Number of protein chains: 2
Amino acid sequence: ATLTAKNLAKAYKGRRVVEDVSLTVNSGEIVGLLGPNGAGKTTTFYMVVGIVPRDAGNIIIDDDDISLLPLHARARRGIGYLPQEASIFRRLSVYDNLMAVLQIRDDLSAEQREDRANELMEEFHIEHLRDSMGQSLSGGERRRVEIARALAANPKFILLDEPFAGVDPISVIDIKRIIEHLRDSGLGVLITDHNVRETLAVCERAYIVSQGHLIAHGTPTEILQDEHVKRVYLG
Amino acid sequence: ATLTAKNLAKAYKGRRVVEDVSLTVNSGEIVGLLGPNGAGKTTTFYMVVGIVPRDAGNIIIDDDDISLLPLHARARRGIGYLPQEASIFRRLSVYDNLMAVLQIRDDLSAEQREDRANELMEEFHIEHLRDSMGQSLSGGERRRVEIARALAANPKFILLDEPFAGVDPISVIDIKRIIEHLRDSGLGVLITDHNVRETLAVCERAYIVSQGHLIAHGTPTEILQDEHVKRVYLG
Ligand SMILES: Nc1ncnc2c1ncn2[C@@H]1O[C@H](COP(=O)(O)OP(=O)(O)OP(=O)(O)O)[C@@H](O)[C@H]1O
Ligand SMILES: Nc1ncnc2c1ncn2[C@@H]1O[C@H](COP(=O)(O)OP(=O)(O)OP(=O)(O)O)[C@@H](O)[C@H]1O
Ligand SMILES: [Mg+2]
Ligand SMILES: [Mg+2]
C-alpha cells in the first residue's frame, strides 16, 4: 500500500549527490520524480531498489523498515525497477527476454506464462519482433521490450528510470495507457523522465530534486509555475 | 540421462560455420569440445541451448526430441549454460548476482538459498568480494562469479563456454575440483577452452572441431597424438 524513503543520503568521495531525500508512493497512484541531469534521481532509485548502499536513511513498506533487506528480498516484497541504461538480453529473442522474466512467477502456470508473453507483445505492439534478437532491435523497439520485461515481474511498486527515451510519441501514449490501467489495479508508480509534458500528464503528483535536495512538491499544474523549478529545471 | 545433438548445421551468408556436428554427454561425465578460433564451438553451444536457430539437426534428451522447445523449456529440462562473453550483472554485488540466480530455485527455501550463496562464495574463494560490485571486479574474479552463477542454477547438463579465460592457475585447479565433485553427483558437463592441458586433464573424452567439421575424437591421450589435431589446433 505504502512505500516510503526517509532521509536518504549518498555521497561519492564527498560530493553530496543525494542528501535528506524523503518521498512516498502509495499503491494506485503515479508519482513523478523530476530534475536536472545529475540532480540525484537514478542514485535515489538505487537506494530504494537496493543496488548501492545508502550513507543514511530508511526504506519502509507498510510500517515495516526494510532498510537491511538485500535487493532480492526487497523485490520479493514487491519493489520492481526499470534501469535507465539498456538492460535487454542482447542474444535472446524478444519472446525469450519476456519468458526469462516470467520464469520467476510462482503465480502463473506454464500456459499462463505463454499467454502473458503474447499479451505484453500485443499491448506494446511488438508481436512482429517475437523472434528478433535483442541486439538487432532499434532504440525504441528495445526500450519498449525493456518496459514489458519490468512489468512482467508483476511488482507492487515500479520505479521507471526514463522509460520514454528512444520511444516514439504514439508508443508514449500507448505506454501511458498501459501504466494508467495497471495503476487502476493497484500498481504504485514512481517515474522519472525528461519528456516533462507527457510525464506530468500521467502523474497525480510529483517531486523536484536539484543538487541532491527536494525543492518542490505537488500537482502538475502547481509544479509548472513554482518559480524555483522554472529557473533550475523547466526554463 | 543422456544429452545428444545430431547433425547440427549453421550458416551465415554463404559460410557454413557448423556442418554435420553430433555430440553426446551422459550424466556423470565430463566431455570436451575443442578447436581453432572460429571453428563453430560457440555456434554449436547456441544451437544446443536454443539461442540461435539451427539450419539442420536435432537436440535430444534421453528418448525425447526437444528441438522444438524454446530456451526456457530446455533449461527447465536441465540444460544449463555459461556464456563465453561477460554476463555478470555489473551493478549488482557478488552476493546479489548469486541471489538473482538462486531465485529461480523451486527446490530451495529462502534460508537454503542463502547457505548455497555462502557455500559457492567460499568454494570459489570470492567471499571477500561479497559486497563488491560486478563492474569493479578483476577479469578472473568476474569469471569465477559467472561460473558460480551458472552452477547456482543446478542444471543436469552444463555447457561451459571458455570458463578458464582470465582465471589464474590455482583457481583453474579449484574449478576443476568443484566440477569433478558435481560430476560425481550426476552432473553432465560439456566444456570448451583453450587451456588445453587443464581442460583435457578433467575430460574423459573430447571432440575436435575445425571449420565446422569434427576432425577427431577420443581420450585426451588420443586427441594429443592425432596428427590432424597437431596441424590445425596444437601447432
Ligand atoms: N560512482 C560514482 N562516482 C562518482 N560520481 C558519481 C558516481 N555515480 C554517479 N555520480 C555522480 O552523481 C551525480 C548524480 O547521478 P545520478 O545518475 O543520480 O543523476 P540523475 O539524477 O539520474 O541524472 P540524469 O537526468 O542525467 O539521468 C552525477 O553528477 C554523477 O556524475
Ligand atoms: N552473426 C554472424 N554473422 C556472420 N558470421 C558469424 C556470425 N556469428 C559468428 N560468425 C562466424 O562464425 C564462426 C564461428 O563462430 P563461433 O563463435 O561459433 O567460433 P568459436 O569456435 O566459438 O571460436 P573462439 O575459439 O574464437 O570462441 C566465426 O568465424 C564467426 O566469425
Ligand atoms: Mg539518471
Ligand atoms: Mg566461442
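Per the deposited record, the coordinates in this entry were obtained by X-ray crystallography to a resolution of 2.22 Å.

Asker: Which residues make up the overall build of chain A, and what are the values?
Answerer: The secondary structure content of chain A amounts to nine helices and nine strands. The C-alpha atoms of chain A give 18 Å as radius of gyration, which agrees with the globular expectation for 235 residues (18 Å, within 12%). Projected onto its principal axes, the C-alpha coordinates of chain A cover approximately 50 × 40 × 35 Å. Long-range contacts, defined as pairs at least 24 residues apart, comprise 66% of the intrachain contacts of chain A with a sequence gap of at least 6. Of the accessible surface of chain A, which amounts to about 10,700 Å², a share of 48% is contributed by carbon and sulfur atoms. Computed over 28 positive and 34 negative side-chain charges, the inter-centroid distance for chain A is 6 Å.

Asker: Which residues make up the site of ligand 2, and what are the values?
Answerer: Residues and elements named next belong to chain B. Around ligand 2 sit 14 residues in total, of which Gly38, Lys41, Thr42, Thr43 and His194 are the nearest. A distance of 3.1 Å is found between an oxygen atom of ligand 2 and a side-chain nitrogen or oxygen belonging to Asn37. The separation between an oxygen atom of ligand 2 and a polar side-chain atom of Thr43 is 2.5 Å. Isolated, ligand 2 exposes 660 Å² of accessible area, and the fraction of that covered by the protein chains is 62%. Residue assignment for the shell around ligand 2 shows that the elements contributing at least two residues are β2 (15-26) and α1 (41-49). Classifying every residue of the shell around ligand 2 gives four nonpolar, seven polar and three charged.

Asker: Report on the coordination of the magnesium ion (ligand 3), specifying residues and quantitative values.
Answerer: All names here are of chain A. Donor atoms from the polypeptide that bind the magnesium ion (ligand 3) are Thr42 (OG1) and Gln84 (OE1), placed at 2.1 to 2.2 Å. In this pair, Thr42 sits in helix α1 (residues 41-49) while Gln84 sits in the loop between β5 (79-82) and α3 (94-102), placing the two residues 42 residues apart along the sequence. Judged by relative accessible area, which is 35%, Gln84 ranks as partly exposed.

Asker: Tell me about the environment of A:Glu111, residues and numbers included.
Answerer: With respect to the helices and strands, A:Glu111 occurs in helix α4 (residues 110-123). Sequence separation between A:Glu111 and A:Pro163 is 52 residues, and the spatial gap between their C-alpha atoms is 29 Å.

Asker: Outline the site of ligand 1, listing residues and values.
Answerer: Residue and element names in this part refer to chain A. Taken together, 13 residues form the shell around ligand 1, and within it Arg15, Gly40, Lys41, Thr43 and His194 come nearest. Between an oxygen atom of ligand 1 and a main-chain N or O atom of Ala39, the distance comes to 3.4 Å. Relative to its unbound accessible surface of 660 Å², ligand 1 loses 61% to contact with the protein. It is α1 that provides the largest number of residues to the shell around ligand 1, a total of three residues.

Asker: Which residues make up the relation of the copies chain B and chain A, and what values go with them?
Answerer: Superposition of chain B onto chain A requires a rotation of 180 degrees combined with a translation of 0.0 Å along the rotation axis, giving an RMSD of 0.3 Å. These values place the two chain copies in the arrangement generated by a two-fold rotation axis. Every residue of chain B has its C-alpha some distance from the rotation axis, and the shortest such distance is that of B:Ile104, at 2.9 Å. A share of 94% of the interface residues of chain B reappears at the interface of chain A, consistent with the copies meeting face to face through the same patch.

Asker: Which residues make up the interface of chain B and chain A, and what are the values?
Answerer: On the chain A side, the residues contacting the 18 residues of chain B number 18 residues. Of the roughly 1,500 Å² buried at the junction of chain B and chain A (both faces included), carbon and sulfur atoms supply 55%. Scanning the region where chain B abuts chain A turns up one salt bridge. Between B:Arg91 and A:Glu85 there is a salt bridge; the shortest N-O distance is 3.1 Å. If you look at where chain B meets chain A, you find seven residue pairs in polar contact. The set of elements that each furnish at least two residues to the side of chain B that touches chain A consists of α2 (71-76), α3 (94-102) and α4 (110-123) of chain B.

How each quantity is defined
Residues numbered from 1 in each chain as written, not as in the entry; some residues may be left out. Chains lettered and ligands numbered in written order. Heavy atoms only, no water. Helix = DSSP H or I, 4+ residues; strand = E, 2+ residues; numbered from the N terminus. Rg over C-alpha atoms; globule rule 2.2 N^0.38 Å. Contact = heavy atoms within 4.5 Å. Areas by Shrake-Rupley, 256 points an atom, 1.4 Å probe, with all protein chains shown as cover. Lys, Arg positive; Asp, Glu negative; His and termini not counted. Charge placed at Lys NZ, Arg CZ, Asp CG, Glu CD. Near = heavy atom within 4 Å. Polar contact = N/O pair within 3.5 Å; in protein donor to acceptor, adjacent residues only side chain to side chain. Nonpolar A, V, L, I, M, F, W, Y, C, P; charged D, E, K, R; others polar. Donors = N, O, S within 2.8 Å, 3.2 Å for Na, K, Ca; no water. Buried < 20%, exposed > 50% of the residue type's maximum accessible area, 1.4 Å probe, protein only. Least-squares fit on C-alpha atoms. Buried area = accessible area lost by both parts, 1.4 Å probe. Salt bridge = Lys/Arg side-chain N within 4 Å of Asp/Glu carboxyl O.

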